[PDB]
Every structure is written in C-alpha cells, then in structure tokens.
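Written out below as structure tokens is the structure these notes cover.
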Amino acid sequence: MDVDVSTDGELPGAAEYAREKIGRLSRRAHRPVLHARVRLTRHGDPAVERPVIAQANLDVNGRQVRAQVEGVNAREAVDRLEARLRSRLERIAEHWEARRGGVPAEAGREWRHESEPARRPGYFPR
Amino acid sequence: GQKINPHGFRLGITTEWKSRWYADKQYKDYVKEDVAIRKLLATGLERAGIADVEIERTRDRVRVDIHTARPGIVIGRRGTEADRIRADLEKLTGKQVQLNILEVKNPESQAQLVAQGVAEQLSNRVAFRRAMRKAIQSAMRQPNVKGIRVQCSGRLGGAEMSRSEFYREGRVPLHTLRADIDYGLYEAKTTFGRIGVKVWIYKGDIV
Amino acid sequence: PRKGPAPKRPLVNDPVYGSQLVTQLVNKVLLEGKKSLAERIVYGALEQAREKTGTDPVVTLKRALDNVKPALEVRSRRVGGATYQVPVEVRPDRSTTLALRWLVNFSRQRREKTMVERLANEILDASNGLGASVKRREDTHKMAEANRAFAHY
RNA sequence: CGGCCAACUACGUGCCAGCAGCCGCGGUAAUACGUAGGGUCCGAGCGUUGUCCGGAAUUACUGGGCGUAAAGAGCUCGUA
RNA sequence: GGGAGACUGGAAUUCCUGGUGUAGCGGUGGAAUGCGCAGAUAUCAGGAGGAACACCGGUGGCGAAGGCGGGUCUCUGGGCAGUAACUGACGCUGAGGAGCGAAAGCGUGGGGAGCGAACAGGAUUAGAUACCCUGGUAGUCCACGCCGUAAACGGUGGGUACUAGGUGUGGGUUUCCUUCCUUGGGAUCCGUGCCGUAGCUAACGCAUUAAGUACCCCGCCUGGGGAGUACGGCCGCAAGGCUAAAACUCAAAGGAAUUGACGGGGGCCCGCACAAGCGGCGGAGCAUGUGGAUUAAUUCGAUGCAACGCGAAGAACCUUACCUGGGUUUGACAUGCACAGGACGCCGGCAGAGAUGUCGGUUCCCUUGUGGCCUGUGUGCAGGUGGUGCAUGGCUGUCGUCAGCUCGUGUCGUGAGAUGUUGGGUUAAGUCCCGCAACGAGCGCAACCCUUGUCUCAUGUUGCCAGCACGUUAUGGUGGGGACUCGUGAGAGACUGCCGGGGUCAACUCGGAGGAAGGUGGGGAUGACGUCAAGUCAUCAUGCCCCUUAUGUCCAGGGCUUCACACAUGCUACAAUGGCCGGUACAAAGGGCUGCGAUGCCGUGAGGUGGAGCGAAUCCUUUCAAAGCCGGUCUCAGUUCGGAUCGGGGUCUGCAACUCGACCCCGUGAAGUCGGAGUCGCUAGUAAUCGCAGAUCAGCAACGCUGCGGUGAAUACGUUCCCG
C-alpha cells in the first residue's frame, strides 16, 4: 500500500509516522486500494486546544472512505486517524460475512424491506 | 452568501440609480470622480444622518444632491459649511459643482438612518436588544411602514464569540420583486471590533 | 422514469423508400449529427444489396431483421437479497432496437474497407442467416434457455 | 473581593508561574494567578489546620424506604 | 396436565434383513467436506430399539414454588360450592431451624434412537479457536443418592377490612323470561384476563387480583467501584455454595421521560440515483493546476462532495508580495507643530547595472503678515501582501431552489416540552381540500421581473425592397416605395377559460376542441431558519499582538516556469462515418479613436508599405464561418494516420523574447492499433460534433473561462439494488 502525505508548515516526522501507520490498513480493506492520501495541518492560533488536524482518503475499489481527527500533536492525530479509518473500513466491508445477517431469512417470520412478498391467490381464502 | 442586495434586485424595476449621467469615452474618469466625491462626503460628515447622495453631471456643471436628517448641521448659516464643501468639491476637479442640500420627510422610515442610529447607540454602551426594540417600535409607529427587520452581528456586548441576532415585525417579502424593500447597512465602531447592522424596511408595493 | 413512462419520438418516414425501418437504421448509424453522411451510407448499402441480389432492398432488410430479431433476453434480477440471470420476454420495439444496434455494430467491425460495403455484406449474410448478428442472437437465445430455471420470478 | 457569599479595576505573565472548599480558573487584551489602587467583613485581633454537633429527613422514635432508582429470602412448614 | 407406581398404544426418526431399481444423493446465500457406484438416495415387506407424546390444546385448568397434558388401573394431596349439624378464638406472622426446589453438574449401576457441549474436517474471512455444513463423545433417558443455584420475575412477603363501574372467561349454587331447547336474564360465592374512576407515583404506570386507604408480623436498603471478592468459618465427593470485610479510588453511579441524530428497523415518496442508451476519463503525447522532492528563492492562499484551467478576466521587466546584492530613512506616500529661504521644479553632461550622486542653464506669485514648495533640522507620525478567518464586519460556497423553519394567543404536562406543523386525499411545493384543542400569523412555495415562441397597432434609417424608373456588372448599386422581413415602443394572447369522464360535488386528475403555445409552455434572475468555528485579516475594513535604522521603502538581476515521480482537469489522436487537393452554400452574437483598420502593391507565409471609411443597423471585423455538398486522389500500412521532439531559417510586440512569448517556412516524424480495476456527463434542439466572438491584454503560455449560432441522435421496461 502506497500513501502520499501532503503536510504543511512544520510537522517533522509526521509524514513518516502517518505513512507507516496508514499503510498497515491495506490488509483490513477487503478490496484493493486504488489510492490513499493523507493531509496534516496545524492551527496557527495558540488558543486552539487541539491544533493538529489529520485527514485521510482511501479509494477502496471505487468506494470513498474518509476520516478527520484533531489532536495536540502529530502522533496523537495520526493514531486517532488510524482508529477512525479502521472503524470505517469495518463498517464498509460489504462481503458476504458482512451482509449475512441482513439478508432476509425464514419464510414468514420477520419482515424486511427486501423480503420476498407473500404470494396471494385471486380469490379470498375463506 | 445567502441573500442578494435588495437594492440591486429591483434596480431596474422599483429602485432607481443614484448617479445620473451618460458617458462613453469618459465613463471611467466619471466613475473615479464620483467615488471620490462619495468617499469625501462620507468622511467629512458623520453627525447628521446622511441617508443618500445623488450625483448628476452634464458637461462642465456637476449637480450633487444629498439627503440628511439634520440639514442645519451640514449647512453654514453664513455658508461656512457650504463654503468648505464647495471649495473642496472644486478641488475634486469637478469644474462647476453645485449642491442641493435636502431633508428626508420621515427619518424613522429610512433604513440607512435607522441603521445609523442603532449602530451609534450600540457603539457607546447600549445593549443591542434595547436598540433593536427601540428602532423597530419607532419605525412601526410610522404610517407607511408595513414591516421592518433589524439584524446585527458581531462581538455583541464585547463577547469573545460572535453572534447573529435579528427581530422582525410585520411583513418583509424579500423574494417579491414589486415590493419595495428599503435596505440600510452601517458598521458600528466598538472597542472590541466592528459590529454590522442591517435594516430591511417594507412599505407596500409599487406597481 | 420514477414518475411514469416518457413519450416516444415519432420519427418520420423516409422519402426515397417510404419505410420507418430505414429511418431507424440511419439514426442508428448516425454519428456526431452528420445525418447526410449517415443517409448516404445507408442508401449506398441498400443499393449495393439490390445490385447483388437483384430485388427490392427493403424486403431483404426486413428478412435480415427478422433473422436477427431476438425474442428472449436475460436481465439481472435481485429478489430477496440475491441476484440471478432471469430470462425475460422482449417487447417488439426493444427487439427491433436490439436487432438494428447489433447489425450496425457488427457491420462496424467487418473488414470490407468501407462502411457501405461492410453494412451491405452484413445485411446480406443476415438475410441468408450467416451474419455475426445472427450468431449473437443465437448465443442470447442459448443463454436465455440455459437459465430457464430462474424464469419463475 | 467568579458563584455559593458583603465587596472590581489596571498592570505583569500566558496551559507557564501558579490558585482552589466545590464548581473549576492560567492559550499576550485573567473581576479566579502575582502586584497596586479601590472596596467589603472583622478588629487587638484576623486567618489556617485538627476534633465534635448542625445543615443530613444521610439509620428517619419524633422523622425514610423496597415494580423499574440500593432494597421482598426461590417457596412453604414451624420453634422462641 | 396435583403427585407416586405398574402396565400398555400409535405415528415418526434411526438401524438391520430381503425384494424392485438405477446413477446420483446430501447440504447451502453459493459450495465443499460426506455418503454411493462393493449397488446409494427412492419404493415395498419384515424385524430391533430408544425417546417424545400431533390433533384435543387457549393467555384454558391444577400446584406453595420449582412445575404438570398418549391411554388404563392402583395408592394419595389440596381446592371450591351448599347445608350450616359440631367445637367455641382453637387466629396471624415467624428470628433461628427443617423440608421441597428448573437446568446444568457429580457418584454407583443400566440404557443410548434422535439431538448434541468438547473434538474433527469443509466453508466464509485479512484472520476465524464463531456464526453456516458434514460427522460426532460426555450429556440428554432410567434406578438410587448428592448439589442447592436461575431474568427461581408479577423484578410486587404473608394475613385482614374498606374504596365507581364496564366487559371476556373457568368452577358451583339459586329466582324470574320460559320455549324451559337457549352464554335467556338476574342474584350470589370462589378463580383468572382486559379497560377504566377516585386515589397514589419522579414518571412510566397501578388501580377491588392496588403500586389506593389502614392495622399486625417477617425479610431487606443506606453513593459507585474494589466485591458478593480476600481472610476465617460451615456445608459439599468435587464443581462450588452460604456468611462476609478493609485499604485504596471516583464526584458520580443511577431511574423515568423530552428534543435531536443515527440504524446493515418499518411505511410512503422523490432526483441522470439506479436501470435503458450515447459519448467519455483511467492507456499515449502535449497544455494547465496541485502534492512531493529540489533550490538562494521556488511568495501567499485554496484540500471529499463544496481544493486541485481555483484567487490568476493574461508572472519576460512591471505585476511581485520571494531570493541575491546594491541604497534609504519623518521614509515611496499623507497631515499637523517649529527654525532658516527664495526656490521647488525642471533641461542637458558625466559616473553607476540601476536606484542614485555630481556638474552646467532657468528661476516663485501674495504682500509685509506671511500663504503655496521643498530643503535639512526636527517632532507628533506615516508605513507593513507582518500574526491570529478559533476575536470580527462585509462578501461567498454548501446541504438545496430541498420544502421546510418558526411565532402570538389558547390548551395539555411538575418540567424539559407537545399541539398548530399530526390523519385521509392531492400537488413540483407546509400547494390545496376535508377532518382535527386548536385559532391565526411570519419567513419560505407560488406570483410580480428578464428572455424566448404567436398575433395587432405605431414605425421607415444606417434596416427591408413587393410594385415602378436609372443602373453595369458589382451588387438595393442608385432615385424611389410600408407591401413583406427587421429593428423598438404599446397591447392582445393561457386563465383548467370550454367540453366529456373520474372524483366527498372538494381539492385534484384523465381525455378532447380551439390555439402559435395547455395545464407552474422553454430557459433565466430570485437561495427560508440554520449547518459545516467552511473560505477569505492577500479586494476591502477591523480588535488585539508584533516590526519600525526594519518584517517599512527604492533599484538591477534571478525566481514564481526548477523535475526520479504521484494526482486532477482538458486538448490532440490512434483513421476510410477518414487524410489531402480543387470548386461551392448557408449563422448568430459581439468589438472598434491615438482603436478597427479596407482597396492596392511587395513576400510563399507569418507579415511589410500604405491608408479609404468608420465613435459606427452606414466603415472594418473581409462581402463574414466550419462541419455540409460536388469532383479527384489515397487503399487499410504505424500509412498520404498521428503530430510530439529536435536542426536550421524568419516575423511581430516590447527598453529587452537566454532563463521565459506567440506565430511563419524548410527539414525531422516519437508514443499511439480505442485503453485493467474502477469511474464521469447527459432525457431534446439535449448529448455528440463544427465553427465564431468577448473579457483580461503591448504581446501572448487561451487547448482555459464567459457567450453565440450550424448539424443534430439513442434510450427510459420500472424503483429490487448503489448514492443523496
């Protein structure tokens, strides 16, 4: 997994840490990752309690996955971003194991939006 | 960016241009001298409420008409104010410039004057709720006023957090083209920054 | 098409042949709005067919259309959270559209050095039942038949 | 001397140095830190710490509760 | 169906045996392990064994609770009703204690069909110690004993008396309709549900079966973790159960209900959202923007939709904010306080890269107090594209042109709040109608505005020319003329107006006539309350902070154009629906004064000379196009495709094209054979394709942006899926 990091201003070593942390998420993605971008920014105002902002974007086989966090320094922001991305990838899975509980089951028990409608005869049962 | 300027929405329909002349080669320098005149009058006079300034030009002679709520303040009894404005308008390369000082009939029905008063009250010490309530009541007391909305935003009360507040009374149909909406904006100078006051006044419709 | 069907365009009859089908054909071969070139191509192909066989061109064009017109097609259907290739009956208009599109495309990938010649050869072989469009109809019917188990829904 | 709870401004500092009974205040414009003006409460005293009672109906005799907030023994028989 | 014991019935599963009988069976979302070909599955007959008892069968019965239904027989417990014969307060509760107590588990001995922890494979998965599949041992069953726990719940201890009713249903006694068949109906006693008063409760709710009103007795609680844990003890074969702390730590942990948001919850709807199509992007070359790296500097800002042909509607110098170096400080530019003046200012010379410095020539008008100019000396001060868009104003994007967002009074609730705004129908729409503890109102929706499609009146120049005359080829060119276009003023015209049918006779809806146009005709402008501390202190303004011999300011040169790469938007192609050559026909819109610039002449061509006429319905942009049509040639090739790159030669703008412009000529002739995963736009004059014009602008990096017209398709069955 190849990641490009577009930082700004002063954030020494943030790029390497972010690359190494984010690149570990490829195995979690159930489909090949086409692109991955990370941006690190810092807030100019000292009054901001969490100045560093980290954002990510992954192209998981055409599905866009993005997250954004805030932290007090580069390392914390990158770690929180990794956590958020992992959660998103978990919720995105869409393979069989991820949609086996949502497929309608039974015959008459339970009803869902895509549940098969019951077949009805022309004449009333009586 | 939410709402376009009400004057510009009805420029060709209800409202009218504030500068009346025709120029083809000399459009650019005419515009330059007009904006110079406007900024000079804005800076020089602040006490009397300057609601509007019109400029008319015809070859050499230039006619500038202004509307104020206190004409006596801006005019010299011996012409001293008139002398000063005349001389420094000649200095604006206006060739022959003549002035027609006028007065507005109902200062409380004019949006620019209302905003000026609200902002002036806001600047010194007044709580903004008091100013908005007073302006709204005074305007609605007038006969032709069918609806007034006052909105001011900024560091209200010297707070660290900016806020936007507005009160409305009656009907203010901003989307209706024929309805004439008088719009006035003026900035309040406070020690903590700048507070902007916008006023919309609706008085019937013109067909 | 969420709020209901949309009206169809009533294209006019051709002047020099008087048939709806040739206008449909020229609109199928049309590219970039150059309608005159499309009409020239179609008329040239029809005249080539008439010269080769010796009879009216519209009758052989209709014969080719009937030879390549499909009747059963397959569409992916999602019933109860599962997708399958379900054979579906084809309406007459969609069958004519599919036949014309197949004819035009498969003539576009012929090797006769000119589109008029390619089109004429394709329509002639479709009339005689040897075109690649005829083949394509054969595979589409075969695929529709091979999935007949799913026709119940 | 932010509110409880009488009594507010300026300067210095800036998530530091520090304060704090609780809530919580320090991120170059702090009525909460430090210092000066001003003020308030007491006054030969004024504050802090320690201990007991009150507030606490928070062991409820006066004067509480037990469906879901803590609280009906798993259910009976039967001794004092 | 209260319990215990004994005996016993049938269906089905499994297995075994024997026929018939073949090649699959089994299992899943889809498969594979597995079984079978040595005769499986299927079908028939026979046999063995174990376990559970379909229908009856329920919110129905019984039991103190756990719990209890195949049939029969034996033994046995409790309840209820009536009579009221009997005893005569013998009642209630109950610390400890004793007994019973689902399932799992434990011991000994049997049994073992099905199911099935553990355990094996198969599959899914990034990984599956799981869910799914195939097998399968304890166990489930019986006898006799242990254990002593459960969401052992009505999360509601037992006894008693009292406090509106209505309606189901189980058991029993009785009066009257009386057929006396009939839940006929009533009354009464004992159960078991539902709904509902008063009352109670924080609320939810309970409510004669109380969680109401009271009396008697018992058990238990005293903030959350630590912890039902350690230690000690008792019980147990064991598993473990019962009794049961503290240190330390937190300022909460909790219950009910409200408004949002969300759901791999449900319902109803929408949108190029999908589906049906057409054309693309992702591959190549180039243009442009960005990241990264590099550099003295590569100025700054913009990072999903909503940053990335964006601020930039024009970076060679300027711009320019960056770097190197050279100067300057009340300063490049303002205004005020002072001292001295008649010069400031220009014009030429020289030095310097220039800023600048120096030299030569010219010198104020007021009017006596000094005013305008600057000098220096100063002094307040100017000046910052310096910082913070998380201090702000203004301006803007976005959800979204979506239909929604609120208020007054009233009512309900302890309160947060609710109602209106929900329900049925309808619409593009909180659009409307009917209902309705609501009645109204406001911002939104719609309309009013622009353009476009038809017609009428007015109207004739620079615009038309049909009928008349003059024309010379060169044509409305010219005299003339309102007729037809056209230009621009006014007006008419679409309002479900009319008809027929559905409709609550209501909204609304379908069809038809008339009409240029039919049902908001087409397209614009118009963007509610708010959200995202969205963007912008670099248009501007601005609080605070900072610089002030510098972060201000002047100049020359350089940079913003660097390039191993990555991303994004485009253009040109990969050709015959085409390339090249010749001929030839049809537009709209717009621009033009130190600008457009024609005829002519000179070049091959950019272009050069020259300047007619034009502030322009007149002249120029050619009279305006290209795709188109006709003719000729090329013959499927890395080509007569493609044009990149490179060599040489020029033109123009500009002080100046080295870094770093555009264009022209000759030569050169790269990749590229229709582009993986994936992804984008578009519903009709639309997509595709063709040309023209404008802004910025001396020139241009423009293939970008904003407009204009030419030619002009395919497809939509329908909302299951993706997105909002």
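Chains as they are written, first to last, in PDB author numbering: chain w, 1 to 126; chain d, 2 to 208; chain h, 2 to 154.
Quick reminder that beta carbons are idealized off the backbone N, C-alpha and C, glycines included.
Item, Value
"Exposed unless 16 or more other CB atoms sit within 10 angstroms - verdict on d/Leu90", "buried"
"Beta strand (DSSP E) segment containing h/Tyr85, residue limits", "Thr84 to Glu90"
"Close Cβ partners of d/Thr191 (< 6 Å) along its chain, the five nearest in sequence each way excluded", "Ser124"
"Span of the beta strand (DSSP E), counted from its first residue to its last, around d/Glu47", "First-last for d/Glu47: undefined, no H or E at that position."
"According to DSSP, residues forming a beta bridge with d/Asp206", "d/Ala180"
"Straight-line gap, d/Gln138 to d/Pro144 (C-alpha atoms, nearest Å)", "12 Å"
"CA-to-CA distance, d/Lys106 to d/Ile207, given in whole angstroms", "19 Å"
"w/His30, DSSP secondary structure in three states", "coil"
"3-residue-minimum beta strand (DSSP E) runs that sit fully inside the segment 39-99 of chain h, ordered along the chain", "73-79 and 84-90"
"Closest by C-alpha distance to d/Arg150, when choosing among d/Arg156, d/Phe167 and d/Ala160", "d/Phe167"
"Per-residue contacts from h/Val80 into chain w (C-beta, under 8 Å)", "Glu116"
"Three-state class that DSSP yields for d/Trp22 in the structure shown", "coil"
"Neighbour flag for h/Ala145 against chain w, beta carbons, 9 Å", "no"
"Residues from the segment 81-111 of chain w in contact with chain h, defined by Cβ distance under 7 Å", "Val103 and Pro104"
"Cβ-based burial, h/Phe107 [other Cβ within 10 Å; buried from 16]", "buried"
"CB contact check: h/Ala121 to chain w, cutoff 9 Å", "no"
"Proximity test, Cβ basis, 9 Å: h/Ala7 and chain w", "no"
"Through-space distance from d/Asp181 to d/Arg172, alpha-carbon basis", "12 Å"
"Ranges of the alpha helix (DSSP H) found wholly within the segment 54-82 of chain d, counting only runs of at least 4", "72-75"
"Distance, w/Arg109 Cα to w/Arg66 Cα", "38 Å"
"w/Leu58 - partner residues in DSSP beta bridges", "w/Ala36 and w/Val65"
"Residue from w/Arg24, w/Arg99 and w/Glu49 with nearest C-alpha to w/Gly71", "w/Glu49"
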